[PDB]
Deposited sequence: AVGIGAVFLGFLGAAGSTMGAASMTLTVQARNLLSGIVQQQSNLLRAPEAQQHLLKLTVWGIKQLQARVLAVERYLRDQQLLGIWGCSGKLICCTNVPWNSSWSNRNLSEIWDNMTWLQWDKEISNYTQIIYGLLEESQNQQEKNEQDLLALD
């Protein structure tokens, strides 16, 4: 029920508690420690926020995308994934394929931005 507590539970059951993890990502020469640390925290949070913002998911915790799921990435059935697996396992299977995916998410977005602007201009 607390922070990070659902790390060992089913994937579907873990996604019910996204807010608990989401809240905690942010909060004399010797003491520059307590300033180096905080600046780092801010710019790490902004990196994830920007990375979502240029995917179309501005303020959404569970955001859908139009990218087709290449079967070469993972071949499991949805019952094999969302019912009887843990997020710390899924991280192992997709790590290699992760970097490319952020590309497809980014490619698909500006297409919609250009498309929708054209459709509004068609008015």
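Visitor: What's missing from the model if you number the deposited sequence from 1?
Guide: Residues missing from the model, as numbered along the full deposited sequence, span 1 to 8, 36 to 57.
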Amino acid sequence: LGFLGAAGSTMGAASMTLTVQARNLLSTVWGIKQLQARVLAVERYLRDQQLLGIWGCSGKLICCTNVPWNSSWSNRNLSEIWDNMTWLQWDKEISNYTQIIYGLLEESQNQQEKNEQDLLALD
From here on, numbers count along this sequence of modelled residues.
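We call the rigid core whatever largest set of C-alpha positions still superposes within 1.5 Å between the two forms.
Visitor: Between 30 to 38 and 60 to 68, where do the CA atoms move more in 6 other deposited structures of this protein, taking the root mean square over the structures and residues after a core fit?
Guide: More C-alpha displacement in 6 other deposited structures of this protein shows up in 30 to 38.
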